[PDB]
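Shown next: structure_24.csv, given as CSV, C-alpha atoms and all ligand atoms.
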chain,number,residue,atom,x,y,z
F,3,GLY,CA,-89.2,-244.5,-132.1
F,4,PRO,CA,-85.6,-245.7,-131.5
F,5,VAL,CA,-82.7,-243.4,-132.4
F,6,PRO,CA,-80.7,-244.7,-135.3
F,7,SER,CA,-77.1,-245.8,-134.9
F,8,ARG,CA,-74.1,-246.4,-137.2
F,9,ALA,CA,-70.7,-248.0,-136.6
F,10,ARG,CA,-67.9,-245.5,-135.9
F,11,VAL,CA,-65.6,-247.5,-138.2
F,12,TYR,CA,-65.8,-249.3,-141.6
F,13,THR,CA,-69.3,-247.7,-142.0
F,14,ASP,CA,-69.2,-247.5,-145.8
F,15,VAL,CA,-67.1,-250.6,-146.8
F,16,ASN,CA,-70.0,-252.4,-148.5
F,17,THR,CA,-71.4,-249.4,-150.6
F,18,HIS,CA,-67.9,-248.9,-152.0
F,19,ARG,CA,-67.2,-252.6,-152.9
F,20,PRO,CA,-68.9,-254.1,-156.1
F,21,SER,CA,-72.5,-255.4,-155.5
F,22,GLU,CA,-71.3,-259.1,-156.1
F,23,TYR,CA,-69.2,-258.7,-152.9
F,24,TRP,CA,-72.2,-258.3,-150.5
F,25,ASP,CA,-75.2,-259.5,-152.6
F,26,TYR,CA,-74.8,-263.2,-151.5
F,27,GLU,CA,-78.1,-264.2,-153.1
F,28,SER,CA,-76.8,-263.5,-156.6
F,29,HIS,CA,-73.6,-265.6,-156.0
F,30,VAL,CA,-73.2,-268.7,-158.1
F,31,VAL,CA,-71.6,-271.7,-156.3
F,32,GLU,CA,-69.0,-273.7,-158.3
F,33,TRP,CA,-69.4,-277.2,-156.9
F,34,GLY,CA,-66.5,-279.5,-156.1
F,35,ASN,CA,-66.5,-283.3,-156.2
F,36,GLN,CA,-67.8,-285.2,-153.1
F,37,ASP,CA,-65.7,-288.1,-154.6
F,38,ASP,CA,-62.5,-286.4,-153.4
F,39,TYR,CA,-63.4,-286.9,-149.7
F,40,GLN,CA,-63.6,-289.9,-147.4
F,41,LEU,CA,-65.4,-289.4,-144.0
F,42,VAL,CA,-63.4,-290.7,-141.0
F,43,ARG,CA,-65.4,-289.8,-137.9
F,44,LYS,CA,-68.3,-287.6,-136.6
F,45,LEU,CA,-66.8,-284.7,-134.6
F,46,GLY,CA,-70.1,-283.0,-133.6
F,47,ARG,CA,-73.7,-282.1,-134.3
F,48,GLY,CA,-75.4,-278.7,-133.9
F,49,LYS,CA,-78.9,-277.4,-134.8
F,50,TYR,CA,-77.4,-276.2,-138.2
F,51,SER,CA,-74.8,-278.9,-139.2
F,52,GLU,CA,-73.0,-282.2,-138.6
F,53,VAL,CA,-69.2,-281.9,-138.6
F,54,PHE,CA,-66.8,-284.7,-139.7
F,55,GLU,CA,-63.1,-285.4,-139.7
F,56,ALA,CA,-62.3,-286.4,-143.3
F,57,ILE,CA,-59.4,-287.1,-145.7
F,58,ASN,CA,-59.1,-285.4,-149.1
F,59,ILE,CA,-57.9,-288.4,-151.1
F,60,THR,CA,-56.7,-286.3,-154.1
F,61,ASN,CA,-53.8,-284.6,-152.1
F,62,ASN,CA,-53.8,-286.9,-148.9
F,63,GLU,CA,-54.6,-284.0,-146.5
F,64,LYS,CA,-56.8,-284.0,-143.4
F,65,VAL,CA,-59.9,-281.8,-143.9
F,66,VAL,CA,-63.1,-281.0,-141.9
F,67,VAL,CA,-66.5,-281.5,-143.6
F,68,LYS,CA,-69.5,-279.4,-142.3
F,69,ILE,CA,-72.7,-280.9,-143.7
F,70,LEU,CA,-75.4,-278.2,-143.5
F,71,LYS,CA,-78.9,-279.1,-142.2
F,72,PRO,CA,-81.6,-277.7,-144.7
F,73,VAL,CA,-82.2,-274.4,-142.8
F,76,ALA,CA,-81.5,-271.0,-147.6
F,77,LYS,CA,-78.9,-268.8,-145.7
F,78,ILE,CA,-76.1,-271.1,-147.0
F,79,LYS,CA,-75.2,-268.6,-149.8
F,80,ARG,CA,-74.4,-266.0,-147.0
F,81,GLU,CA,-71.9,-268.3,-145.2
F,82,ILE,CA,-70.2,-269.3,-148.5
F,83,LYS,CA,-69.9,-265.7,-149.7
F,84,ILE,CA,-68.5,-264.5,-146.4
F,85,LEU,CA,-66.0,-267.5,-146.2
F,86,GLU,CA,-64.8,-266.7,-149.8
F,87,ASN,CA,-64.6,-263.0,-149.1
F,88,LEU,CA,-62.5,-263.5,-145.9
F,89,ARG,CA,-60.4,-266.4,-147.2
F,90,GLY,CA,-56.6,-265.9,-146.6
F,91,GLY,CA,-57.4,-263.3,-143.8
F,92,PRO,CA,-55.4,-263.6,-140.6
F,93,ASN,CA,-56.7,-266.4,-138.3
F,94,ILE,CA,-59.8,-266.8,-140.6
F,95,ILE,CA,-60.7,-270.5,-141.1
F,96,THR,CA,-60.0,-271.5,-144.8
F,97,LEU,CA,-62.8,-272.8,-146.9
F,98,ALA,CA,-61.1,-275.4,-149.1
F,99,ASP,CA,-64.2,-276.6,-151.1
F,100,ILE,CA,-68.1,-276.8,-151.4
F,101,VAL,CA,-69.7,-280.1,-152.4
F,102,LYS,CA,-73.2,-281.6,-152.6
F,103,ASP,CA,-73.7,-284.4,-150.1
F,104,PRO,CA,-75.4,-287.2,-152.1
F,105,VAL,CA,-77.3,-288.4,-148.9
F,106,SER,CA,-78.6,-285.1,-147.3
F,107,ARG,CA,-78.8,-283.4,-150.8
F,108,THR,CA,-77.4,-280.3,-149.0
F,109,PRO,CA,-74.2,-278.4,-149.4
F,110,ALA,CA,-71.2,-279.6,-147.4
F,111,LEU,CA,-68.4,-277.0,-146.6
F,112,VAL,CA,-64.9,-278.5,-146.7
F,113,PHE,CA,-62.4,-276.7,-144.3
F,114,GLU,CA,-58.8,-276.9,-143.4
F,115,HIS,CA,-58.3,-279.1,-140.3
F,116,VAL,CA,-57.2,-277.5,-136.9
F,117,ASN,CA,-56.0,-279.9,-134.2
F,118,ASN,CA,-58.3,-278.2,-131.6
F,119,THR,CA,-57.1,-278.6,-127.9
F,120,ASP,CA,-60.2,-279.4,-125.7
F,121,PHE,CA,-61.7,-276.1,-124.3
F,122,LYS,CA,-62.0,-277.0,-120.6
F,123,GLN,CA,-58.5,-278.6,-120.8
F,124,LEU,CA,-57.0,-275.3,-122.3
F,125,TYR,CA,-59.0,-272.8,-120.3
F,126,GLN,CA,-57.7,-274.5,-117.1
F,127,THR,CA,-54.0,-274.3,-118.2
F,128,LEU,CA,-53.8,-270.8,-119.8
F,129,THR,CA,-51.2,-268.5,-118.3
F,130,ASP,CA,-51.5,-264.7,-118.2
F,131,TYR,CA,-49.1,-264.5,-121.2
F,132,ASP,CA,-51.2,-267.1,-123.2
F,133,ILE,CA,-54.5,-265.2,-122.6
F,134,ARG,CA,-52.9,-262.0,-123.9
F,135,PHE,CA,-51.3,-263.9,-126.9
F,136,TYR,CA,-54.5,-265.7,-128.0
F,137,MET,CA,-56.7,-262.6,-127.4
F,138,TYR,CA,-54.3,-260.7,-129.8
F,139,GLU,CA,-54.7,-263.5,-132.4
F,140,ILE,CA,-58.6,-263.2,-132.1
F,141,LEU,CA,-58.4,-259.5,-132.6
F,142,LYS,CA,-56.5,-259.9,-135.9
F,143,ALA,CA,-59.4,-262.1,-137.1
F,144,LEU,CA,-62.1,-259.6,-135.9
F,145,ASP,CA,-60.3,-256.4,-137.2
F,146,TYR,CA,-60.0,-258.2,-140.6
F,147,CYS,CA,-63.6,-259.3,-140.9
F,148,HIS,CA,-64.8,-255.9,-139.6
F,149,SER,CA,-62.5,-254.1,-142.1
F,150,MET,CA,-64.1,-256.4,-144.8
F,151,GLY,CA,-67.6,-255.2,-143.9
F,152,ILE,CA,-68.6,-258.3,-141.9
F,153,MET,CA,-69.7,-258.9,-138.3
F,154,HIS,CA,-69.3,-262.4,-136.9
F,155,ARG,CA,-72.2,-262.3,-134.4
F,156,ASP,CA,-71.2,-265.7,-132.8
F,157,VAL,CA,-68.0,-265.0,-131.0
F,158,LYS,CA,-67.6,-267.5,-128.1
F,159,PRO,CA,-64.9,-270.0,-127.0
F,160,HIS,CA,-66.4,-273.0,-129.0
F,161,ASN,CA,-66.0,-270.9,-132.2
F,162,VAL,CA,-62.3,-270.3,-131.6
F,163,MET,CA,-60.2,-273.3,-132.7
F,164,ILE,CA,-56.8,-273.6,-131.0
F,165,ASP,CA,-53.9,-276.0,-131.7
F,166,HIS,CA,-52.0,-275.1,-128.4
F,167,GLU,CA,-48.9,-277.2,-129.4
F,168,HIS,CA,-48.5,-275.1,-132.5
F,169,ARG,CA,-50.0,-271.8,-131.0
F,170,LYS,CA,-52.3,-271.6,-134.0
F,171,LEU,CA,-55.7,-270.0,-133.8
F,172,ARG,CA,-58.7,-269.9,-136.2
F,173,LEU,CA,-62.1,-268.1,-135.9
F,174,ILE,CA,-64.7,-270.6,-137.2
F,175,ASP,CA,-68.5,-270.9,-137.7
F,176,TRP,CA,-69.4,-268.0,-139.9
F,177,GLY,CA,-73.0,-269.3,-140.2
F,178,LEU,CA,-74.4,-266.3,-138.3
F,179,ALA,CA,-72.0,-263.7,-139.8
F,180,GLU,CA,-73.5,-260.9,-141.8
F,181,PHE,CA,-72.6,-258.0,-144.0
F,182,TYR,CA,-72.8,-254.6,-142.2
F,183,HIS,CA,-74.9,-251.9,-144.1
F,184,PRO,CA,-75.4,-248.6,-142.2
F,185,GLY,CA,-79.0,-248.1,-141.1
F,186,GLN,CA,-79.9,-251.7,-141.7
F,187,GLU,CA,-82.0,-253.4,-138.9
F,188,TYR,CA,-80.7,-256.9,-138.0
F,189,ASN,CA,-82.2,-259.9,-136.2
F,190,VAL,CA,-81.3,-259.7,-132.5
F,191,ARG,CA,-81.5,-263.6,-132.3
F,192,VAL,CA,-77.8,-264.1,-132.7
F,193,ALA,CA,-74.8,-265.1,-130.5
F,194,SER,CA,-75.0,-267.6,-127.6
F,195,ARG,CA,-76.8,-266.4,-124.4
F,196,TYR,CA,-73.7,-265.7,-122.3
F,197,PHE,CA,-72.1,-263.7,-125.1
F,198,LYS,CA,-75.1,-261.6,-126.2
F,199,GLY,CA,-74.5,-257.9,-126.2
F,200,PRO,CA,-76.9,-255.6,-124.2
F,201,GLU,CA,-78.1,-254.2,-127.7
F,202,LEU,CA,-79.5,-257.7,-128.4
F,203,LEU,CA,-81.0,-258.1,-124.9
F,204,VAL,CA,-82.9,-254.8,-125.2
F,205,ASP,CA,-84.1,-255.6,-128.8
F,206,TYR,CA,-82.0,-252.8,-130.4
F,207,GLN,CA,-81.8,-253.9,-134.1
F,208,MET,CA,-79.5,-251.3,-135.6
F,209,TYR,CA,-76.3,-252.8,-134.2
F,210,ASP,CA,-72.9,-253.3,-135.8
F,211,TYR,CA,-69.3,-254.9,-135.5
F,212,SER,CA,-69.2,-253.6,-131.9
F,213,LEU,CA,-71.5,-256.6,-131.0
F,214,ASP,CA,-68.3,-258.8,-131.5
F,215,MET,CA,-66.3,-256.7,-129.1
F,216,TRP,CA,-68.9,-257.2,-126.2
F,217,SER,CA,-68.7,-261.0,-126.9
F,218,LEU,CA,-64.9,-260.8,-126.8
F,219,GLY,CA,-65.1,-258.9,-123.5
F,220,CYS,CA,-67.3,-261.8,-122.0
F,221,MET,CA,-64.6,-264.3,-123.1
F,222,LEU,CA,-61.8,-262.1,-121.6
F,223,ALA,CA,-63.7,-261.7,-118.2
F,224,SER,CA,-64.3,-265.5,-118.0
F,225,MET,CA,-60.6,-266.3,-118.6
F,226,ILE,CA,-58.9,-263.6,-116.4
F,227,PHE,CA,-61.4,-264.1,-113.5
F,228,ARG,CA,-61.6,-268.0,-113.9
F,229,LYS,CA,-65.5,-267.9,-114.0
F,230,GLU,CA,-67.2,-269.7,-116.9
F,231,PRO,CA,-69.3,-268.0,-118.0
F,232,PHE,CA,-68.8,-264.6,-116.6
F,233,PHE,CA,-72.4,-263.4,-117.0
F,234,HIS,CA,-74.4,-266.6,-116.2
F,235,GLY,CA,-78.0,-265.7,-117.1
F,236,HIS,CA,-80.7,-268.4,-116.8
F,237,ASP,CA,-82.5,-267.0,-119.8
F,238,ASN,CA,-82.3,-263.8,-122.0
F,239,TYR,CA,-84.0,-261.6,-119.4
F,240,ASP,CA,-81.9,-262.8,-116.4
F,241,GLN,CA,-78.9,-262.4,-118.8
F,242,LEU,CA,-79.4,-258.5,-118.7
F,243,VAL,CA,-80.0,-258.6,-114.9
F,244,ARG,CA,-76.6,-260.4,-114.5
F,245,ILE,CA,-74.9,-257.7,-116.6
F,246,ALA,CA,-76.7,-255.0,-114.6
F,247,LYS,CA,-75.5,-256.4,-111.3
F,248,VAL,CA,-71.9,-255.7,-112.5
F,249,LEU,CA,-72.2,-252.6,-114.8
F,250,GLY,CA,-75.0,-251.0,-112.7
F,251,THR,CA,-78.6,-250.0,-113.6
F,252,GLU,CA,-77.8,-246.2,-114.0
F,253,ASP,CA,-75.5,-246.7,-117.0
F,254,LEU,CA,-78.1,-249.2,-118.4
F,255,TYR,CA,-80.8,-246.4,-118.2
F,256,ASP,CA,-78.5,-243.9,-119.8
F,257,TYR,CA,-77.9,-246.3,-122.7
F,258,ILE,CA,-81.6,-247.1,-123.4
F,259,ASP,CA,-82.3,-243.3,-123.0
F,260,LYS,CA,-79.7,-242.4,-125.6
F,261,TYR,CA,-81.3,-244.7,-128.1
F,262,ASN,CA,-84.8,-243.9,-127.0
F,263,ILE,CA,-85.3,-247.7,-126.2
F,264,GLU,CA,-87.9,-248.9,-123.7
F,265,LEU,CA,-87.2,-252.0,-121.6
F,266,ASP,CA,-89.7,-254.8,-121.8
F,267,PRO,CA,-92.2,-254.4,-118.8
F,268,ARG,CA,-91.1,-257.9,-117.7
F,269,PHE,CA,-87.9,-256.2,-116.3
F,270,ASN,CA,-89.9,-254.1,-113.7
F,271,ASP,CA,-90.2,-257.2,-111.3
F,272,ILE,CA,-86.6,-258.5,-111.8
F,273,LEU,CA,-84.1,-255.7,-112.7
F,274,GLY,CA,-84.0,-253.7,-109.4
F,275,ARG,CA,-81.3,-251.0,-108.7
F,276,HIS,CA,-77.6,-251.9,-108.9
F,277,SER,CA,-74.5,-249.8,-108.4
F,278,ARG,CA,-71.6,-250.2,-110.9
F,279,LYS,CA,-69.1,-252.7,-109.4
F,280,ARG,CA,-65.3,-252.1,-109.4
F,281,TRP,CA,-63.5,-254.8,-111.6
F,282,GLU,CA,-61.2,-255.5,-108.6
F,283,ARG,CA,-64.1,-257.1,-106.7
F,284,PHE,CA,-63.9,-260.3,-109.0
F,285,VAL,CA,-60.1,-260.7,-108.1
F,286,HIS,CA,-59.3,-263.6,-105.7
F,287,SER,CA,-56.3,-265.8,-104.8
F,288,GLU,CA,-57.2,-268.4,-107.6
F,289,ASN,CA,-57.2,-265.8,-110.4
F,290,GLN,CA,-54.9,-263.0,-109.2
F,291,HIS,CA,-52.0,-264.2,-111.4
F,292,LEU,CA,-54.1,-263.5,-114.6
F,293,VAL,CA,-55.2,-260.0,-113.5
F,294,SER,CA,-53.3,-256.8,-113.9
F,295,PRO,CA,-54.3,-253.1,-114.1
F,296,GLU,CA,-53.9,-253.3,-117.9
F,297,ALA,CA,-56.2,-256.4,-118.1
F,298,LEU,CA,-58.9,-254.5,-116.0
F,299,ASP,CA,-58.5,-251.3,-118.0
F,300,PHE,CA,-58.9,-253.2,-121.3
F,301,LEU,CA,-61.9,-255.3,-120.0
F,302,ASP,CA,-63.6,-252.1,-118.8
F,303,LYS,CA,-63.3,-250.6,-122.4
F,304,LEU,CA,-65.0,-253.7,-124.0
F,305,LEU,CA,-67.8,-254.4,-121.5
F,306,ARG,CA,-69.7,-251.1,-122.0
F,307,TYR,CA,-73.5,-250.9,-122.5
F,308,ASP,CA,-73.2,-248.3,-125.2
F,309,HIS,CA,-72.1,-250.3,-128.4
F,310,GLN,CA,-70.8,-247.0,-129.8
F,311,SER,CA,-68.5,-246.5,-126.7
F,312,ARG,CA,-66.7,-249.9,-126.9
F,313,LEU,CA,-63.1,-250.2,-128.2
F,314,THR,CA,-63.0,-251.3,-131.9
F,315,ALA,CA,-60.8,-254.3,-132.7
F,316,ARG,CA,-58.0,-252.0,-134.1
F,317,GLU,CA,-58.2,-249.8,-130.9
F,318,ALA,CA,-58.1,-252.9,-128.8
F,319,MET,CA,-54.9,-254.2,-130.5
F,320,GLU,CA,-53.2,-250.8,-129.4
F,321,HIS,CA,-54.1,-251.5,-125.7
F,322,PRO,CA,-51.2,-251.7,-123.0
F,323,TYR,CA,-52.6,-255.2,-122.1
F,324,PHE,CA,-50.8,-256.4,-125.4
F,325,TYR,CA,-47.5,-254.6,-124.8
F,326,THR,CA,-46.1,-257.8,-123.4
F,327,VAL,CA,-47.1,-259.9,-126.4
F,328,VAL,CA,-44.2,-260.7,-128.8
F,329,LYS,CA,-45.0,-259.2,-132.2
F,401,LIG,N1,-61.6,-276.6,-139.0
F,401,LIG,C1,-62.0,-277.3,-137.9
F,401,LIG,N2,-61.1,-278.1,-137.4
F,401,LIG,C2,-61.5,-278.9,-136.3
F,401,LIG,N3,-62.7,-279.0,-135.8
F,401,LIG,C3,-63.6,-278.1,-136.3
F,401,LIG,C4,-63.3,-277.3,-137.4
F,401,LIG,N4,-64.4,-276.5,-137.7
F,401,LIG,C5,-65.3,-277.0,-136.9
F,401,LIG,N5,-64.9,-277.9,-136.0
F,401,LIG,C6,-65.6,-278.6,-135.0
F,401,LIG,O1,-67.0,-278.7,-135.4
F,401,LIG,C7,-67.9,-278.5,-134.3
F,401,LIG,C8,-68.9,-277.4,-134.6
F,401,LIG,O2,-68.6,-276.7,-135.9
F,401,LIG,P1,-69.4,-275.3,-136.3
F,401,LIG,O3,-69.3,-274.4,-135.2
F,401,LIG,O4,-68.7,-274.8,-137.6
F,401,LIG,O5,-70.9,-275.6,-136.6
F,401,LIG,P2,-72.3,-275.4,-135.8
F,401,LIG,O6,-73.4,-275.7,-136.7
F,401,LIG,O7,-72.4,-274.0,-135.2
F,401,LIG,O8,-72.3,-276.5,-134.6
F,401,LIG,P3,-72.5,-276.4,-133.0
F,401,LIG,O9,-73.9,-275.8,-132.7
F,401,LIG,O10,-72.3,-277.7,-132.5
F,401,LIG,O11,-71.5,-275.4,-132.5
F,401,LIG,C9,-67.0,-278.3,-133.0
F,401,LIG,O12,-66.9,-279.5,-132.3
F,401,LIG,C10,-65.6,-277.9,-133.6
F,401,LIG,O13,-64.6,-278.5,-132.8
F,402,LIG,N1,-62.3,-273.3,-128.1
F,402,LIG,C1,-60.9,-273.4,-127.6
F,402,LIG,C2,-60.5,-272.2,-126.9
F,402,LIG,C3,-59.5,-272.3,-125.9
F,402,LIG,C4,-59.0,-271.2,-125.2
F,402,LIG,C5,-59.6,-269.9,-125.5
F,402,LIG,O1,-59.2,-268.7,-124.9
F,402,LIG,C6,-58.2,-268.1,-125.4
F,402,LIG,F1,-58.5,-267.5,-126.5
F,402,LIG,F2,-57.8,-267.1,-124.6
F,402,LIG,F3,-57.1,-268.9,-125.6
F,402,LIG,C7,-60.6,-269.8,-126.4
F,402,LIG,CL1,-61.3,-268.3,-126.8
F,402,LIG,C8,-61.0,-270.9,-127.1
If you took the structure in this file and wrote it as structure tokens, what would it be?
Amino acid sequence: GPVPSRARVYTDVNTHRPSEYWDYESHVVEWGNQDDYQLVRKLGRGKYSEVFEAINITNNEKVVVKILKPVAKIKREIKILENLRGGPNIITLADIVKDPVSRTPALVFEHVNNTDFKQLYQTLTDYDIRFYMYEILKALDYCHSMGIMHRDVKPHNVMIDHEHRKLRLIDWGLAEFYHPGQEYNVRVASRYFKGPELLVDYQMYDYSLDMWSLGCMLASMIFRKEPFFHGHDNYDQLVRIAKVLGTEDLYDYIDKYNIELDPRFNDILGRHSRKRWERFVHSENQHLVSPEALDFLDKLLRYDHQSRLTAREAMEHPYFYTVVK
């Protein structure tokens, strides 16, 4: 059977906090008043929610309302949002109401004047990538230190008001409490951001999953290639990774955890050498790449989840020396 694994940091944060902290099922929601809010416009729709720009008419402030589709695990997202509230760069849950139409809970958040992703990605300077990556790390070290893994780190879940240089990590719907030895569902994160642990069906994963997703974001930005690992499906996703990191280190990884690859891989994986990060550098991205960016990326994009930098280690990296703190 597979070899067990544990996080190398914040391993026992949940056993030492009171049960009411992590036992989200026993949490009692204290409902706000839907009366307080007036919907202005529909911002988006996902498979789990509809998001609206709204006005809180009791204090005349712009808010964002996320009306959850009935699909249960709502208590988990509420509990995590309340636990993390006030944390650095963590979106603030302002209220919880019952939508009289859907009959489901609606989460009310603070509003972030989010600059369009493809508009921002195209204008980021080297300094701005370092600056915003440091702001994301503050959010991840905080939630990790609080015994929570995000499990959906990706550019669409990072709200940025570029004008005010304000960042918020949002969409805590897939976030979970980390309990050592617990097996988790591998059907988390967006395809391009899924860690090798998920792709090889290794269930005893931890906060380090977030650090692989962060590395995918960093690679896409510094190299100007969105997404960096462009798999057609979950199987080709691992082949795309193996074409860069190599098959020898992939085999060492699955061997360490006594994991067997799905036989489907026999006809598609092949043999690949590890590629030097310098190969992805070209005249259109050279101004975003440095030896420090490459060294930092190399320490995030590792097969072995136990070998990745943690968020706190990542904030110590020379890549961030230039960032004003
Ligand atoms: N606080 C916020 N301020 C501004 N926009 C927000 C805020 N929170 C969420 N959004 C917007 O809501 C949309 C998606 O929200 P969210 O990620 O929380 O839910 P979701 O169910 O995962 O939806 P999706 O599958 O579309 O990503 C995005 O368009 C994002 O810009
Ligand atoms: N979703 C907006 C958005 C815009 C730029 C981004 O990259 C950056 F963090 F480096 F700035 C991200 Cl992660 C997200």
**Request:** Counting only C-alpha atoms, find the residues whose atoms lie at most 12 Å from (-71.5, -268.1, -114.4) (file coordinates) and write them out as a PyMOL selection string.
**Result:** chain F and resi 195-197+220-221+223-225+227-236+240-241+244-245
**Message:** Which residues are near residue F:305? Cut-off 7 Å, all atoms listed in the file, ignore same chain within fewer than 3 positions. Put them as a list in words.
**Reply:** residues 216, 219, 301 and 302 of chain F
**Asked** How would you write, as an MDAnalysis selection string, the set of residues no farther than 7 Å from ligand LIG 401 (chain F) when counting only C-alpha atoms and all ligand atoms?
**Response** chainID F and resid 45:53 66 68 95 113:118 160:161 163 174:175 177
Output C-alpha atoms of each residue in that selection to a file, as an mmCIF file, in the frame of the given file.
data_model
loop_
_atom_site.group_PDB
_atom_site.id
_atom_site.type_symbol
_atom_site.label_atom_id
_atom_site.label_comp_id
_atom_site.auth_asym_id
_atom_site.auth_seq_id
_atom_site.Cartn_x
_atom_site.Cartn_y
_atom_site.Cartn_z
ATOM 1 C CA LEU F 45 -66.800 -284.700 -134.600
ATOM 2 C CA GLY F 46 -70.100 -283.000 -133.600
ATOM 3 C CA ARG F 47 -73.700 -282.100 -134.300
ATOM 4 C CA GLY F 48 -75.400 -278.700 -133.900
ATOM 5 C CA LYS F 49 -78.900 -277.400 -134.800
ATOM 6 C CA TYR F 50 -77.400 -276.200 -138.200
ATOM 7 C CA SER F 51 -74.800 -278.900 -139.200
ATOM 8 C CA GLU F 52 -73.000 -282.200 -138.600
ATOM 9 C CA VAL F 53 -69.200 -281.900 -138.600
ATOM 10 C CA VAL F 66 -63.100 -281.000 -141.900
ATOM 11 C CA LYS F 68 -69.500 -279.400 -142.300
ATOM 12 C CA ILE F 95 -60.700 -270.500 -141.100
ATOM 13 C CA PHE F 113 -62.400 -276.700 -144.300
ATOM 14 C CA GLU F 114 -58.800 -276.900 -143.400
ATOM 15 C CA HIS F 115 -58.300 -279.100 -140.300
ATOM 16 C CA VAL F 116 -57.200 -277.500 -136.900
ATOM 17 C CA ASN F 117 -56.000 -279.900 -134.200
ATOM 18 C CA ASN F 118 -58.300 -278.200 -131.600
ATOM 19 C CA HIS F 160 -66.400 -273.000 -129.000
ATOM 20 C CA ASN F 161 -66.000 -270.900 -132.200
ATOM 21 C CA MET F 163 -60.200 -273.300 -132.700
ATOM 22 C CA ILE F 174 -64.700 -270.600 -137.200
ATOM 23 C CA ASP F 175 -68.500 -270.900 -137.700
ATOM 24 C CA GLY F 177 -73.000 -269.300 -140.200
#
Please identify the residues whose atoms come within 7 Å of ligand LIG 402 (chain F), using all atoms listed in the file, and report them as a PDB file with C-alpha atoms, keeping the file's coordinate frame.
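This is the output file selection.pdb:
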ATOM      1  CA  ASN F 118     -58.300-278.200-131.600  1.00  0.00           C
ATOM      2  CA  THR F 119     -57.100-278.600-127.900  1.00  0.00           C
ATOM      3  CA  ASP F 120     -60.200-279.400-125.700  1.00  0.00           C
ATOM      4  CA  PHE F 121     -61.700-276.100-124.300  1.00  0.00           C
ATOM      5  CA  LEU F 124     -57.000-275.300-122.300  1.00  0.00           C
ATOM      6  CA  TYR F 125     -59.000-272.800-120.300  1.00  0.00           C
ATOM      7  CA  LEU F 128     -53.800-270.800-119.800  1.00  0.00           C
ATOM      8  CA  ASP F 132     -51.200-267.100-123.200  1.00  0.00           C
ATOM      9  CA  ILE F 133     -54.500-265.200-122.600  1.00  0.00           C
ATOM     10  CA  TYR F 136     -54.500-265.700-128.000  1.00  0.00           C
ATOM     11  CA  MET F 137     -56.700-262.600-127.400  1.00  0.00           C
ATOM     12  CA  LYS F 158     -67.600-267.500-128.100  1.00  0.00           C
ATOM     13  CA  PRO F 159     -64.900-270.000-127.000  1.00  0.00           C
ATOM     14  CA  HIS F 160     -66.400-273.000-129.000  1.00  0.00           C
ATOM     15  CA  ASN F 161     -66.000-270.900-132.200  1.00  0.00           C
ATOM     16  CA  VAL F 162     -62.300-270.300-131.600  1.00  0.00           C
ATOM     17  CA  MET F 163     -60.200-273.300-132.700  1.00  0.00           C
ATOM     18  CA  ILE F 164     -56.800-273.600-131.000  1.00  0.00           C
ATOM     19  CA  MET F 221     -64.600-264.300-123.100  1.00  0.00           C
ATOM     20  CA  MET F 225     -60.600-266.300-118.600  1.00  0.00           C
TER      21      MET F 225
END
**Asked** Nearest to residue F:29 among F:298, F:5, F:78, F:190, with distances taken over all atoms listed in the file: which residue is it?
**Response** F:78
**Asked** Excluding same-chain residues fewer than 3 positions from residue F:96, what lies within 10 Å of it counting all atoms listed in the file, as a ChimeraX atom specification?
**Response** /F:85-86,88-91,93,99,112-115,172-174
Would you save the residues of that selection, restricted to C-alpha atoms, as a PDB file, keeping the file's coordinate frame?
ATOM      1  CA  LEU F  85     -66.000-267.500-146.200  1.00  0.00           C
ATOM      2  CA  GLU F  86     -64.800-266.700-149.800  1.00  0.00           C
ATOM      3  CA  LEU F  88     -62.500-263.500-145.900  1.00  0.00           C
ATOM      4  CA  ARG F  89     -60.400-266.400-147.200  1.00  0.00           C
ATOM      5  CA  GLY F  90     -56.600-265.900-146.600  1.00  0.00           C
ATOM      6  CA  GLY F  91     -57.400-263.300-143.800  1.00  0.00           C
ATOM      7  CA  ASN F  93     -56.700-266.400-138.300  1.00  0.00           C
ATOM      8  CA  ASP F  99     -64.200-276.600-151.100  1.00  0.00           C
ATOM      9  CA  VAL F 112     -64.900-278.500-146.700  1.00  0.00           C
ATOM     10  CA  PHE F 113     -62.400-276.700-144.300  1.00  0.00           C
ATOM     11  CA  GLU F 114     -58.800-276.900-143.400  1.00  0.00           C
ATOM     12  CA  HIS F 115     -58.300-279.100-140.300  1.00  0.00           C
ATOM     13  CA  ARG F 172     -58.700-269.900-136.200  1.00  0.00           C
ATOM     14  CA  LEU F 173     -62.100-268.100-135.900  1.00  0.00           C
ATOM     15  CA  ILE F 174     -64.700-270.600-137.200  1.00  0.00           C
TER      16      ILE F 174
END
**Request:** Considering all atoms listed in the file, state which residue in the set F:143, F:204, F:69, F:84 is at the smallest distance from residue F:181.
**Result:** F:84
